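First, one chain by itself: the form deposited in one PDB entry, in structure tokens.
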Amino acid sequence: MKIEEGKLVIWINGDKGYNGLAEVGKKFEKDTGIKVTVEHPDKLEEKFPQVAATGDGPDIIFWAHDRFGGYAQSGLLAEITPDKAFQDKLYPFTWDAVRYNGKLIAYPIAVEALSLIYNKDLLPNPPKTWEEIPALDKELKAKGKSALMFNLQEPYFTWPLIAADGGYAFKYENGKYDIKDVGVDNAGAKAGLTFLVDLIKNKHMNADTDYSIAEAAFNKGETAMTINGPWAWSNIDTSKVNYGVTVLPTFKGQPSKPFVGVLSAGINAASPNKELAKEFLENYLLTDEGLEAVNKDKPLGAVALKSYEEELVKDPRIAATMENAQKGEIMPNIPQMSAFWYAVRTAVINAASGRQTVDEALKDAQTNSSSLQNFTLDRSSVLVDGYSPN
């Protein structure tokens, strides 16, 4: 229950550039004397609301914005106070992603979307469409290679194919999400997931595939294509596979529609250092030099900060990220997103593993996503002197 005054503790995921961020920390230290400690706890997207509930945890938490509505409703997040002058340094759509009840609850950092990453040597002309991948694998199997391998354990990676033809999470109508209009059941959703399963049935993919299997598969040059975000680039860089980053294949003539995540920095509600956090975030991290220190450790992709994005977008890989970003949809941040992810994660794994048909798997995911009247997030089911905790 103590966060410790006069110090900044920052949490950020392990695939991001925490050492780069840590050096922004050291710069902050020599300028102000405040010590900055960067940690990358595992599953920090769940570790955070778990420790922050009783007022413990880091001063600053990084994740895609989707989870931040959820944290905010649980009161785990401070309202941030950037003046109009700082707000203009960033693209307006990124601020829209950090809103909850009209209030800004985090600082946007990077704009993330999955792209198609291909081995240029194995495959000089990557597929425009999902449909031509099965035949492209047969060819590649003849030379002891596969066409495509990406993470199937995380619905984030499988969502772009599901939504291509009209699958959607919650319907966005007149400025608001309608949590009774759920589209994980519709024909577009089923068309995508059926296609992914048929890929697995015809021995072109393994239901078995997870992030680190697919990564090593691509970085060892054994598969021609992978699907991943900018974070994955640095491991591909060191491996010296000759790789390109480009548009995701179309499905049924429609673009794949990745869920765009705005990587964001939140300030713990329970933190005694909310001013030191604002200053670090506004004056050190969200500067050209700040974002570059992180970026040189592990690429952020496109960034919310205008001045630096204009430099980064010159890189054909970031151009690709943006193009894919523009063809997708910005994720909701509503508290129910947690329920949804769990739901789709289950549907994707059970349909792909065979334990359920596509129709059964998505019907379940749709049931588990729909009547979420006052979905809670951290349900304690306990009273303390006749009252709930928090």
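Each residue number is its position in the shown sequence, starting from 1.
What comes next is about the form deposited in another entry, which does not appear here.
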(request) From the list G188, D315, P134, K220, return the one residue or range at the hinge between the rigid parts that rotate between this form and the one not shown. (result) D315
(request) Pin down for me whether the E45-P258 Cα distance shrinks or grows in the other entry relative to this form (closer or farther, change of 3 Å or more). (result) farther
(request) Could you tell me whether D96 and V247 have their C-alpha atoms closer or farther apart in the other entry than in the shown form, knowing the shift is 3 angstroms or more? (result) closer
